[PDB]
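Quick setup: one chain, the form deposited in one PDB entry, written in structure tokens, and binding and motion questions come after.
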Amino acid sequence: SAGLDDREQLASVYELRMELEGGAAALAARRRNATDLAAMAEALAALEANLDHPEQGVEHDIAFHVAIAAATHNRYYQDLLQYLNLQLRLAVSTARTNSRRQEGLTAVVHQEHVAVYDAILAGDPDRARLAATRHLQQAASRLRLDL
């Protein structure tokens, strides 16, 4: 429920997400179908509304990354992200609460999410992996985690 002296624990979640979600983005770039695109795009639209009404932004952020995991068409990726759901909520909600005290930083975060969608849409697995890990490295650096 907080994060002052919990940085090393946050760093452990983000560092694991970097290997899982980079791999999921690259798989999704190869296997996504029209139904997957709609799931990611609907999450991205709901995330555009939270730029002004920030309630449930954590659920929609998570739903976006879960939609990428579903787009791999690999049941074990999906089950791993559901198994780690509590850690995702901890990391996401900590990162978003921190982000909303600055700028349109929330809008810079929204762009990082869109960049992963865009590379998955193009079917470019290397670009998708790099965009997914950059989102996590930038979220960690915004939290001063030092991975």
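Don't overthink the numbering: it's just position in the shown sequence, from 1. So that the term is clear: the rigid core is the largest set of C-alpha atoms that superpose within 1.5 Å between two forms.
There is another form of the same protein, the form deposited in another entry; it is not shown, and what comes next is about it.
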*In a fit on the core, which one among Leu44, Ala115, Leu84, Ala70 has a Cα that moves 2 Å or more between this form and the one not shown?*
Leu84
_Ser12: after superposing the rigid core, is there a C-alpha shift of 2 Å or more between this form and the one not shown?_
yes
*Against the shown form, C-alpha atoms of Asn85 and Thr133 in that other deposited form: closer or farther, for a change of 3 Å or more?*
closer
*asked:* Given that the shift is 3 Å or more, do the Cα atoms of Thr35 and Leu88 end up closer or farther apart in that other deposited form than in this form?
replied: farther
